[PDB]
Trainee: 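First, the structure itself, so that you have it in front of you.
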There are 4 protein chains.
Amino acid sequence: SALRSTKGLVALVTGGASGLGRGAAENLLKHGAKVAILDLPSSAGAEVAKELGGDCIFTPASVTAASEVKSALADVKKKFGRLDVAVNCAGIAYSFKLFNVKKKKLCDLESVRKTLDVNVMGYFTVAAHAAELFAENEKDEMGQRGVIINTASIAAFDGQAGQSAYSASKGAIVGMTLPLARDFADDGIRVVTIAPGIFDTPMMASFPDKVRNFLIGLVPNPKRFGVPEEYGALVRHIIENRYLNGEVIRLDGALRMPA
Amino acid sequence: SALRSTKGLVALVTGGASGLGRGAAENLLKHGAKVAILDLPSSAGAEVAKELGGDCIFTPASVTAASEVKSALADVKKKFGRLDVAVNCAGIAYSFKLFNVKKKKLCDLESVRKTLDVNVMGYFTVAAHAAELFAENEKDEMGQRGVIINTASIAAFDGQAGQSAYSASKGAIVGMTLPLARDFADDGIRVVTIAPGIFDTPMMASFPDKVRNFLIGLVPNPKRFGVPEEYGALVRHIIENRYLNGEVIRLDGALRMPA
Amino acid sequence: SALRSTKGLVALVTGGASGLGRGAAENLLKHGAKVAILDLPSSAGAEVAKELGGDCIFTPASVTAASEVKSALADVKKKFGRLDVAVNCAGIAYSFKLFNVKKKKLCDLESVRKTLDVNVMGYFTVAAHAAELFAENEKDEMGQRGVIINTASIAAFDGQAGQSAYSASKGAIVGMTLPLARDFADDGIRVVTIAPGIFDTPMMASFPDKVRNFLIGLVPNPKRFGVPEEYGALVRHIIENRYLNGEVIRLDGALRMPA
Amino acid sequence: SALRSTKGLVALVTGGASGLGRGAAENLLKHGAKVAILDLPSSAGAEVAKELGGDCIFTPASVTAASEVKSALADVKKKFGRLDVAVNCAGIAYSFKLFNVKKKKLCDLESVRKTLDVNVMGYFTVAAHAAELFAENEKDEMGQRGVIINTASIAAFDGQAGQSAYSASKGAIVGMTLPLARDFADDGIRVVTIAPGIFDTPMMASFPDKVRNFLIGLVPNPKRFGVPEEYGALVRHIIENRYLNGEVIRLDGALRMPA
Ligand SMILES: NC(=O)c1ccc[n+]([C@@H]2O[C@H](COP(=O)([O-])OP(=O)(O)OC[C@H]3O[C@@H](n4cnc5c(N)ncnc54)[C@H](O)[C@@H]3O)[C@@H](O)[C@H]2O)c1
Ligand SMILES: NC(=O)c1ccc[n+]([C@@H]2O[C@H](COP(=O)([O-])OP(=O)(O)OC[C@H]3O[C@@H](n4cnc5c(N)ncnc54)[C@H](O)[C@@H]3O)[C@@H](O)[C@H]2O)c1
Ligand SMILES: NC(=O)c1ccc[n+]([C@@H]2O[C@H](COP(=O)([O-])OP(=O)(O)OC[C@H]3O[C@@H](n4cnc5c(N)ncnc54)[C@H](O)[C@@H]3O)[C@@H](O)[C@H]2O)c1
Ligand SMILES: NC(=O)c1ccc[n+]([C@@H]2O[C@H](COP(=O)([O-])OP(=O)(O)OC[C@H]3O[C@@H](n4cnc5c(N)ncnc54)[C@H](O)[C@@H]3O)[C@@H](O)[C@H]2O)c1
């Protein structure tokens, strides 16, 4: 077969203590992978990795701290010997207008900087160090050494009012996908991005039932939030068929976020 | 699990006697689907369906002939009892300039009409009649009755010189994806499109080794043509992962067809 | 200056008896161009060209009839000596579902074929014959001989329920833009496409006040339908700055057509 | 007419001492605008504003410094009384691989942060403070108070090897366009983005003649670099044609940057 198994592959998943990252971790472990969850010391990463078993470790690190990402990845190398997959999933989401015209108040622009730091700089930091570990691998049967899977958002395409900073960070992840795939083409490292629609994760837990019902009403079909396993399954499919590369895949039940 | 098995699903694959359609047919059959290949009486469809075994039938028909498509789908219903999946894959590809400026000669405009008839009208015809069969299903646990998977091409986005007619037909398939997913949203019929890059099929059989090497040189990574099983694997993932809807997925090794 | 004047350029505008085509004709005549309006004998083309003055002629033709397009363009050559601009604007719009699931009724697929014939085949027919006339021109200061401006629609990107055939035809026009620009690159013929949002034209005159108010409510800003002059002005800008090529330009007041 | 004149409009152009920003500044000045160029104290902004005459001022500031941007825009208000237009044009471009696989060396990740700071944070800072000034205008006859024009790049879509950071910053600008247009929709502030191809500016001054010839060879038609006046002409068209909103316009001679 031209498709490979996930069995015995080593994957790092940032933001893996929660939501979509945890969904990807569970799906990969379920199909025989070793998984390191990278998440904040304040996260529940230790408890999550414990419940997920002996093929799952928790490497605490902030993706905005390059030295912490370096050491987390060096612990992955010590524990599992190699890295095959890096899943960029950690991210934060703000909602604010740049200038409230009615009340004449400027936003806090540092909220733009923090969004860009976690959601973009963290992806570059994790991608750079993952590539360093991949370069230790021998090219496999397909000439491959690793794959980087980034988590953007349909906000990169359908950004709503209040989301300019978030949509900018997600559009940055869209824009980096193809040049990075081109950078690593002859090194055998693919780069693919998933753009989820609305998924039922802690990121959406602040919303009350009225807002949840309104957001579900917008999703054409299936008429529900996505579930983390469906994101994890798409992550797994990218891992298994090597001809996916340099592309952004919308996973959203045909949602287009309205004005 | 939120992802379903392919086992027992009944799939119609147009163009199924060759190339990508045959790739999708074989992949679904190997994962337990019942597959009907719809292809031209002049094709090798009978022998191919024999090769693929007892879970495969050949329904001869031209996708440009509404009465033949309706007849073929009635045969699918008679044989397998229902329809779950329709893969629009049949298509043709010409190469010509609309006006040769150096020689002062107009193209054969009916070559554009034929491209549009097979590549677009055929998809609309198959989709409408597949929808008729889906409407006889009960909604499953995800609220679904069927899924239509269209094969566009990255020529819809990267159209090369000589490809205006082919690119137009493939751009049409891209454009139809979201409104059709919206049409059938509350009916539980998803519509998803795959945009393949260059794949090793009889469509490319004419090209001599020098052209093959040149085209391979363009693909960043994996540095090869796609193989039909990778297209069929993506078809199956769309079948199993219900939150994919209304999207176009490039499957192309990061290729961007140049000028 | 690197930008040229419209003064003394010869432009053909299909669908020019009405709506956006007439808007482009008026804007070009207002800025010193000779304009031939191509439209159906049933249209008001003769009356419109009369009111638009002696720099405007009416060449009756159906864009689905290649021989009628050939003769219209040969009359443009007799009347004005040359062709500099061809604006593809004629189009038709249907609204229908491919299969009404509630009442179990298939659409009339010939409505798909007619949509594709007028909206796509007509653009190819007009583009081919315009190119033939352009090839008679000497390359200008910028190396250019002509420009083809196609009118797609944001339905090529935001297609709503009921619009699958229309969105397919408009996605076909999107897809043809880049390969045609590449075809004619070294012949000096640019190809650019405009994707209008909702404009106040006879195409939208069937809608009652309640529907009009609903459609206006969807347009973020300016909160109104576009006016034909704004489409005509963008057509003119494409004519005047030669570095626009191979692109589709949304002209829509930030509208995204919702589910 | 639905298209307004540029005469009397007050425009701030960041990066206005060079290249495309200077191109936009000169075009608006020649059509009667008051223009303030915002650029670094180390730039030639003072001399350039002298060249451009009495309707041009130089407001020194770094777009990464919110207090300097606010101060510069207060100067614009003091001198010209209001603000109608803000052109985000200032930006930097690095070229580097995230990990050199052959030499086993990580990139300087702070080069990514600087790219994002100037190219994205600077656009957000200028946009927020420009919005503050727009909010002091009365709505004009089209209901508008201002327009923000961002300069992305086709690297947002065609990112080459070595360009991941630059492409990310330009993809961020693409992503921010629609949500910002939605943010300010009822306030009458449009947001439009231009994605230039390769233009003849000091950003490309380092490249020797062999690289220039190679890059020119890639542009289909016109087969040359863009000149800054063509960028300024498109800026002016967006200023005058109010139905352009929430869109990204490629201005690139049909170039698609290859692998
Ligand atoms: N959930 C959705 O509906 C949705 C939609 C589109 C895209 N996304 C994207 O999906 C990704 C995952 O979202 P989610 O729903 O799982 O969110 P979540 O809040 O459930 O999980 C985010 C995780 O990131 C971690 N994290 C935050 N900052 C970090 C840092 N500096 N270093 C390391 N880890 C850090 C958090 O601790 C948390 O565990 C994000 O990038 C988000 O933007 C989410
Ligand atoms: N092969 C590639 O590199 C590639 C990449 C881009 C897109 N595609 C698309 O993939 C699809 C499959 O192409 P392929 O590579 O498998 O080509 P292929 O020639 O191997 O197979 C196409 C099949 O379509 C059938 N067909 C043609 N006209 C038909 C009609 N009127 N009715 C019914 N069947 C008809 C043919 O009999 C043939 O078996 C097409 O839609 C094509 O445009 C192919
Ligand atoms: N108006 C909108 O809101 C809108 C939005 C998106 C795109 N468009 C596109 O803009 C273009 C113009 O639309 P409009 O609003 O001006 O419509 P319209 O109905 O006002 O004008 C269409 C014109 O096309 C002509 N035409 C039709 N069939 C023809 C044929 N076979 N040969 C020659 N002429 C023919 C008609 O006679 C008519 O004058 C169309 O292509 C349409 O799809 C319209
Ligand atoms: N030139 C091209 O080929 C091309 C194509 C794609 C995109 N672009 C984009 O066009 C824009 C303009 O680039 P250009 O070609 O005119 O380059 P340029 O180098 O000629 O001009 C850029 C100007 O930005 C100013 N600038 C830099 N950092 C600044 C800061 N912190 N604060 C204020 N001003 C600052 C510089 O002083 C300089 O004058 C950029 O955003 C660039 O990414 C350029």
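Letters go in sequence order (proteins before strands), and every chain restarts at 1. In each ligand, atom 1 is the first atom listed, and ligand 1 is the first ligand listed.
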Trainee: Please report which non-hydrogen protein atom sits nearest to atom 5 (C) of ligand 4, along with the residue it belongs to and the distance in Å to one decimal place.
Mentor: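 Answer, as residue, atom name and distance: D:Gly197 O, 2.7 Å.
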
Trainee: Have a look at ligand 2 and work out which part of B:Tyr123, if any, has a heavy atom under 4.0 Å from it: side chain, backbone, both or neither.
Mentor: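 It is the side chain that touches ligand 2; the backbone stays farther off.
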
Trainee: Pairs of nitrogen or oxygen atoms closer than 3.5 Å, one from D:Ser43 and one from ligand 4: do any exist?
Mentor: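 No, since none of the N or O atoms of D:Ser43 sits under 3.5 Å from an N or O of ligand 4.
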
Trainee: Can D:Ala152 be said to touch ligand 4, with heavy atoms closer than 4.0 Å?
Mentor: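 The answer is yes, since D:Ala152 has a heavy atom less than 4.0 Å from ligand 4.
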
Trainee: Please identify which atoms of ligand 4 are closer than 4.0 Å to at least one heavy atom of D:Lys170.
Mentor: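 So the answer, numbered in order with elements, is 40 (C), 41 (O), 42 (C), 43 (O).
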
Trainee: Any heavy atom of A:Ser62 closer to ligand 1 than 4.0 angstrom?
Mentor: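 Heavy atoms of A:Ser62 do come under 4.0 Å of ligand 1.
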
Trainee: Closer than 4.0 angstrom, basic N to acidic O: yes or no for D:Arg224 and D:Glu230?
Mentor: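 Looking at D:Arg224 and D:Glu230, the cut-off is met.
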
Trainee: Judged by non-hydrogen atoms, does B:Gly122 sit under 4.0 Å from ligand 2?
Mentor: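 Not so, B:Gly122 does not reach ligand 2.
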
Trainee: Find all atoms of ligand 1 within a distance of less than 4.0 Å from any non-hydrogen atom belonging to A:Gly19, and give their numbers and elements.
Mentor: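 Here the atoms of ligand 1 in question are 16 (O), 20 (O).
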
Trainee: Which atoms of ligand 4 are found less than 4.0 Å from any heavy atom of D:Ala61?
Mentor: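 Those atoms are 32 (N), 33 (C).
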
Trainee: Where's the contact between B:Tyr166 and ligand 2, heavy-atom distance under 4.0 Å: side chain, backbone, both or neither?
Mentor: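 The answer is the side chain.
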
Trainee: Work out whether the distance between some heavy atom of B:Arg22 and some atom of ligand 2 is less than 4.0 Å.
Mentor: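 It does not, in that no heavy atom of B:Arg22 comes within the 4.0 Å cut-off of ligand 2.
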
Trainee: Can you find a non-hydrogen atom of A:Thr14 under 4.0 Å from ligand 1?
Mentor: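 A:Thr14 does not count as a contact of ligand 1 under the 4.0 Å cut-off.
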
